Amino acid sequence: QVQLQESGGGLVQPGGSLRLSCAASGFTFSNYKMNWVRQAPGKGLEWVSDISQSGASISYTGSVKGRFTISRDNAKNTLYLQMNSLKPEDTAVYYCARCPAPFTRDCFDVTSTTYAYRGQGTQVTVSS
Amino acid sequence: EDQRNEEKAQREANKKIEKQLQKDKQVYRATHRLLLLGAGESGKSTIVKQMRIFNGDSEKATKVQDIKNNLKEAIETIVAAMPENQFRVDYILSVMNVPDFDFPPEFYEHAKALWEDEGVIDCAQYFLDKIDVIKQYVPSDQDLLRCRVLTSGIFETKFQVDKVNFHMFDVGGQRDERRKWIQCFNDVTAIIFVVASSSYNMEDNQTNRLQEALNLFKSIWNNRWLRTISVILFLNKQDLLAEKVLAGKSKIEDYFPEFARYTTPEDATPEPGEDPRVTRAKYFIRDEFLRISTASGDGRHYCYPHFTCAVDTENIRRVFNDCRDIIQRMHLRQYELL
Amino acid sequence: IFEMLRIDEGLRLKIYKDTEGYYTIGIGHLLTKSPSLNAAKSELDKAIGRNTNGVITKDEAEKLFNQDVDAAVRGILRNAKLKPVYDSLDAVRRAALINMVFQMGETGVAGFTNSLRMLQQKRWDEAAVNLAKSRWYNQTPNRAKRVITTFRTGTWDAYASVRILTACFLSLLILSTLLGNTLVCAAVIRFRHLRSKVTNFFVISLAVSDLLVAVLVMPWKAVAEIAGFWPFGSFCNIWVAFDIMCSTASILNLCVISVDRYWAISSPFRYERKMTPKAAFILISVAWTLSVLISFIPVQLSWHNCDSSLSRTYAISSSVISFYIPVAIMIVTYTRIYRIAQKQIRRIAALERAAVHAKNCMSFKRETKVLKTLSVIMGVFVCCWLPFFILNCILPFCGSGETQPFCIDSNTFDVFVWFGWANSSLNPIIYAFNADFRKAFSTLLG
Amino acid sequence: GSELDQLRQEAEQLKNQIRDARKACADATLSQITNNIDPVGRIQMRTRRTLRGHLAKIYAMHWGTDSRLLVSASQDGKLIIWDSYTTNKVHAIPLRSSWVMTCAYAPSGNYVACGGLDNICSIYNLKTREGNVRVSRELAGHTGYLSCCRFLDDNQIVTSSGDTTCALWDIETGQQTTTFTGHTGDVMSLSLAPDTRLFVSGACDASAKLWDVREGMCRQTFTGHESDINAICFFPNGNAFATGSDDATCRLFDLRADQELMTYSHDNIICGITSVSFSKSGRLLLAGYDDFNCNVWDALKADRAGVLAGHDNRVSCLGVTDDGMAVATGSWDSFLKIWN
Amino acid sequence: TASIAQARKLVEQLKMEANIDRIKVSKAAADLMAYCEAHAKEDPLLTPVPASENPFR
Ligand SMILES: Cc1cc(Oc2nccc3occc23)ccc1-c1c(C)c(=O)[nH]c(=O)n1C
């Protein structure tokens, strides 16, 4: 099958940093535009980042623009997102989604939780 | 032999249907199709169509029509799971799933005897006891609260304005997975894409629907099968994004850091009475959308940003002028003149 | 035959006057005496036998050329210097020697003593090398390499040249025109998606038009290009009408397609609603109705051979009804189209600049192609069909052969006739390069 | 009471069981068996007839049981019925909704089904009413656009929509007889079995799942592909099928093995699959692409048997007839093309 | 609280997919290849058909 397993997460005081990773299998990881998707408790799904098939376009959300650092390795078939300067408003569950169309720039990953190319994400919160 | 007359009759049927289909092609080539998505209510397309036009009748007609189907569906589903009610139930079973029949006046006389039998959907007992309330009527609130009609598939409205036929349709009652049904829209003349701003947010949910709108617009604009169709982009909630901005009450800067060092263009035309602090924000969103519209433009499809005006009579004029511009630019690209 | 003088002097079947010189007619024939205009016609009639008001038949020109050649050879044989070379060289170089004796006279050829001795000693290469560096090959280089080559090679390859160059120059043009037009005429039918395009109902017409020129107008004026003699008597009276019709059809189909584009760009809704195939076809046919109303009027207005211009009240009026008004209204439509295109390029550039303004913390490149693609069609059209008409409206006003206006003689005017006719060959390269046309033509060659 | 933990542990053990079961049942592959067989005859078919008429883009079709009649639906809102012999369209019928996505011809030649964005399966009595075909039934909707509906007889049909739920109906009563709710994406393609007792549905979950018309459950599952499955079709024996998706490859899945068999793709192709079919025997596999071209493959050596081209637009559907005589294709340029 | 209904209805759906006898590929492909090899004479697509068997010519 096409599995996408997310790691990392956990509790950390506000202002700290945390790196998390996504390992995908069952397909050719090298030729797919990928990205992440957050979900705050009691709020709809929201968008954060994006990776092209090579690392060209690195689109961010203005709420996290210039703060988070995303990258990926096509050889190891892995994709990493590192959150620096974590804020108390980023407490959410993060999923690693991928666009369905191979060799394309169109994506439709944010859904009502029926999208299949998106594994179970990791939980991140802040302390008090 | 006898096969010649059969072949000639087949050819005559062909000629008749082809004479009809030539005119059908002539008609279809002259109707511009417009796709409306974004809103959570198809009625937003029935209001602007009611300002000129079969939609001129009152809204009570459709609501009363969605009351004559609930009883039919309930009586058909209750008797399908089971003295002199054979010929009375045969007609009811034959009147099942009949679109143009609905409920005749003689159906209540055949249904009251079956309802009076001691042996004989979720909300089915309220709309079945008052089977004698038929007239022509004027439903109440308790009746409309119990009525549960299935989601109307596609709201399709073909009208004619200024001697040209327009075909405007809203897509509702579908899932939020917009991957394989957008492909069915290529012969459309325009996609009118409406965007909203922030709401009350008061207990702020903080969903950031604007960035999701940017992402959906980027997915639709850069689609392989939508590269020739154009998007007329409307920005609704212009009044809600005016009193909520003020000087520091709008969280638009937190969701877009480029808004700080952003300036109002010189070629702008603010409405008489618009503050600079709200005009700058009103133009920032259209600039952000045109940042995606101005790129990848192969001279093959463009965008038409327009602010949602208060008077509902001029949005139709915006749409008409945009359709004229679309047709003009297509024709100029046809002759390699642009 | 020889026809050596038919390429250097030309067969002028009518009398042509000079700037200061006296009147001349025939083939390089100087009508002696005759200081008055009426005096030369008497000499022409006495030399031809018939009452020659100026009209000399195609055979009387040859009959007079024979007498001129007899006089020239008598004068050359009476001259002592030019006498032995006649018997030295063969009949091939006799043509070049008689040409030299007829051009510069019998006293001019005698002054070339060293070349005379070289040709007498049966030396062709040395004679050519000596005659090249002379005052005779420096003033008229066009007729030189045509007679020195014949005297050096000793064959008919020197005069096959002009004829074969013209033959190929016209054959390639006719083949290109006819084939490139019949390709469109076949692709509009062999392919389906291109048939249901009413906007092309006016292009196919053009095709038909520019093909009737290729089959029904080109070959007659082509065979008229031997050296100025054609097997057509009263047939030009029915051929000039053919030419007027075939030129008017195209000159009006261009205007029809221009007005069609203007209507399609100005009012798109009214265009896609009020433009039906029946209206398209009546618009196709009205141009041909005017073409036959202007051309096939044989009320003797054209005859007032085959070498005189048209009537004044007919030329200056058929040019207005056939060219001037169409070109004017075409300019109007195209300038209006360009104005609308500018109006929308302004808005597109405004949106692009306002989007580039998002760069906070290609401009006039489309104008070039717009002006280019408009100027191609319009300038090709006007440069092909404007000198012809502005010269055809002025030339019939020439009395005798001296005037201050343009009043250019017949050779350059025939060159301009063919120059304007060749635009029929450029019609399909400008009006029939749609992507569908390209795919059809690529499928037609495999 | 920690019951969910034990249930999840049992489910994980079950899920791990299938892996070992398939590993034990996969002793060899088809390439090791098909090395001895001689190569396929190189076949390049030709366009025998072209069927003009539609004004807009077609979307689906279905060969009649008589190898003569075709039913094609276009975006103009009208279904036309063909006669592949005379190329003589017998009649056309308009629609209530202009957007149609799938057709269906009855195995008896009496009813015709239509589905699309209207979320309504409209059945028409092709031969009844003693005249023009009338609207027979409008099956209830289910919040999903009909992507494929097929007839197993005249008394009941089976439809699939985008709500991740198929439905076997009963045309006589016009209600849902059996609901199938085992998908996470848009259910797109259906294909009945030779015995009409079960079928396999291909959806956007990158998976083909075999169902059953009797119990209404999933007996097996196949998760080989990488993208949204677009087309699926049985091998003409009821023991295997072929799936075609947006990953530009077609894969063969057997039932008794419950595992993938062969993959069909090249390096110079990227266009997704739009329609998959077989022949009468089943050795040639017909796959339509989005490169304005379709390919005939070998279903036993994974070699490109040949190409079938002639559409200036993307091909939308393709189908083989009963006796394997003709291969009809159909593209968005309003054009059907018969091959032989 | 916890949805002890969505996951409880899937354990049996998964267990019902593992209690089936699965024939090895070495035996499941033999009778699969034999079908298309023994019925190649009935498929007219394996060679171009002449005008005698083509109702489309
Ligand atoms: C002067 C001339 C013009 C012409 O073209 C036209 N003439 C009138 C109206 C026209 O509208 C478009 C085209 C056109 C065609 C033939 C000739 C002509 C030539 C060249 C000649 O050597 N000897 C002769 O007798 N004639 C009549």
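Focus on the sheet that holds strand β3 (residues 71-74) of chain D
All names here are of chain D. Taken together, the four strands give an open sheet; going across it, the order is β2-β3-β4-β5, and neighbouring strands pair in antiparallel fashion. At either margin of the open sheet sits one strand with a lone partner, and together these are β2 (58-60) and β5 (91-94). When the angles between neighbouring strand axes are averaged without regard to direction, this sheet yields 30°. Across four bridges, β3 lies against strand β4 (residues 78-81) in antiparallel orientation.

Observations concerning the sheet that holds strand β15 (residues 200-203) of chain D
All names here are of chain D. Across the sheet, four strands lie side by side as β14-β15-β16-β17; this open sheet has antiparallel pairing. Here the strands that pair on one side only, and so sit at the sheet edges, are β14 (187-189) and β17 (220-222). Averaged over all neighbouring strand pairs, the angle between strand axes comes to 35°, with direction disregarded. Pairing analysis gives three bridges linking β15 to strand β16 (residues 208-210), with the strands arranged antiparallel. Residue pairing in the sheet places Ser 201 in a bridge with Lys 209 of β16.

Points about the interface of chain E and chain D
Across the contact, 34 residues belong to chain E and 46 residues belong to chain D. Elements represented by at least two residues in the side of chain E that touches chain D include exactly α2 (25-28) and α3 (30-38) of chain E. With six residues, the top contributor of residues to the side of chain E that touches chain D is α3 of chain E. A breakdown of the residues in the side of chain E that touches chain D according to their chemical character gives 20 nonpolar, four polar and 10 charged.

Some remarks on the interface of chain B and chain A
Contacts between chain B and chain A engage 20 residues on the former and 21 residues on the latter. For the side of chain B that touches chain A, the secondary structure elements donating two or more residues are α9 (209-221) and α11 (252-255) of chain B. Considering each element in turn, the side of chain B that touches chain A owes the most residues, five residues, to α9 of chain B. Looking at the side of chain B that touches chain A residue by residue, the class counts come to four nonpolar, eight polar and eight charged.

As for the UniProt feature "repeat: WD" in chain D
The residues that UniProt annotates with the feature "repeat: WD" are residues 46-94, 95-140, 141-181, 182-223, 224-267, 268-309 and 310-340 of chain D. Across residues 268-309 of chain D, helical content stands at 0% and strand content at 48%; the span's end C-alpha atoms are separated by 16 Å.

Here we look at the environment of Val 245 of chain B
Residues and elements named next belong to chain B. With respect to the element layout, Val 245 can be found in the loop between α10 (240-243) and α11. Once the C-alpha coordinates of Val 245 and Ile 316 are considered, the two residues, 71 residues apart in sequence, prove to be 28 Å apart. Excluding its chain neighbours within four sequence positions, the residues that come into contact with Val 245 are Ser 250, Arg 277 and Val 278.

What to know about the pattern of salt bridges
One salt bridge connects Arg 38 of chain A with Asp 90 of chain A, and the closest N-O pair in it is separated by 3.4 Å. Taken as a pair, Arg 38 of chain A in strand β4 (residues 34-39) and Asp 90 of chain A in the loop between β7 (78-83) and β8 (92-98) lie far apart in primary sequence, 52 residues in all. Between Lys 180 of chain B and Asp 246 of chain D there is a salt bridge; the shortest N-O distance is 3.2 Å. With one member in each of two chains, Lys 180 of chain B in the loop between β3 (164-171) and β4 (190-195) and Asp 246 of chain D in the loop between β19 (240-245) and β20 (250-254) form a pair that bridges those chains. A cluster of three or more residues bridged by salt bridges with shared partners is formed by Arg 175, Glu 177 and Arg 179 of chain B together with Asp 186 and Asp 228 of chain D.

A word on the side chain of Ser 295 of chain C
Residue and element names in this part refer to chain C. Checked against the element boundaries, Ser 295 lands in the loop between α15 (277-294) and α16 (312-356). Within polar-contact distance, the side chain of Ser 295 engages the backbone oxygen of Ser 291 at 2.7 Å. Setting aside residues up to four positions removed in sequence, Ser 295 forms contacts with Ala 241, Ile 244, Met 245 and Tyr 314.

Some details on the UniProt feature "transmembrane region" in chain C
Residues and elements named next belong to chain C. According to UniProt, the positions carrying the feature "transmembrane region" are residues 164-189, 201-227, 237-259, 279-303, 313-338, 373-399 and 413-437. With 64% helix and 0% strand, the stretch residues 279-303 has end C-alpha atoms that lie 38 Å from each other. Helix makes up 84% of residues 413-437 and strand 0%, whereas the separation of the span's terminal C-alpha atoms amounts to 36 Å.

Describing unusual backbone geometry
Phi is positive for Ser 85 of chain A, which is not a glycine, with a value near 55°. Assignment of secondary structure puts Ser 85 of chain A in the loop between β7 and β8. Residue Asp 162 of chain B is not a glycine yet carries a positive backbone phi of 50°.

Quick look at the state of the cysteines
Each sulfur of the disulfide joining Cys 22 of chain A and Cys 96 of chain A lies 2.0 Å from the other. Taking the torsion about the S-S bond as the criterion, the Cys 22 of chain A to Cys 96 of chain A disulfide, at about -70°, is left-handed. On the criterion of sequence distance, the pair formed by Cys 22 of chain A in strand β3 (residues 18-24) and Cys 96 of chain A in strand β8 is long-range, its members being 74 residues apart. At a sulfur-sulfur separation of 2.0 Å, the disulfide partner of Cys 236 of chain C is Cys 306 of chain C.

Here's the deal with the domain arrangement of chain C
Residue and element names in this part refer to chain C. Each assigned domain of chain C is listed with its residue range as follows: domain 1 (5-156) and domain 2 (161-444). Relative to domain 2, the C-alpha centre of domain 1 lies at a distance of 43 Å. Listed per partner, the contact involves six residues of domain 1 and six residues of domain 2. Broken down by class, the residue content of the side of domain 1 that touches domain 2 amounts to two nonpolar, no polar and four charged.

The rules behind the values
Residues numbered from 1 in each chain as written, not as in the entry; some residues may be left out. Chains lettered and ligands numbered in written order. Heavy atoms only, no water. Residues with missing side-chain atoms left out of burial classes, pairs and counts. Pairing = 2+ DSSP bridges. Helix = DSSP H or I, 4+ residues; strand = E, 2+ residues; numbered from the N terminus. Axes fitted to C-alpha atoms, helices over the stretch in contact; angles between N-to-C directions. Contact = heavy atoms within 4.5 Å. Nonpolar A, V, L, I, M, F, W, Y, C, P; charged D, E, K, R; others polar. UniProt positions renumbered as here; feature names shortened; annotations may be inferred. Salt bridge = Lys/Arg side-chain N within 4 Å of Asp/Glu carboxyl O. Polar contact = N/O pair within 3.5 Å; in protein donor to acceptor, adjacent residues only side chain to side chain. Disulfide = S-S within 2.5 Å. Domains from an automatic or database assignment.

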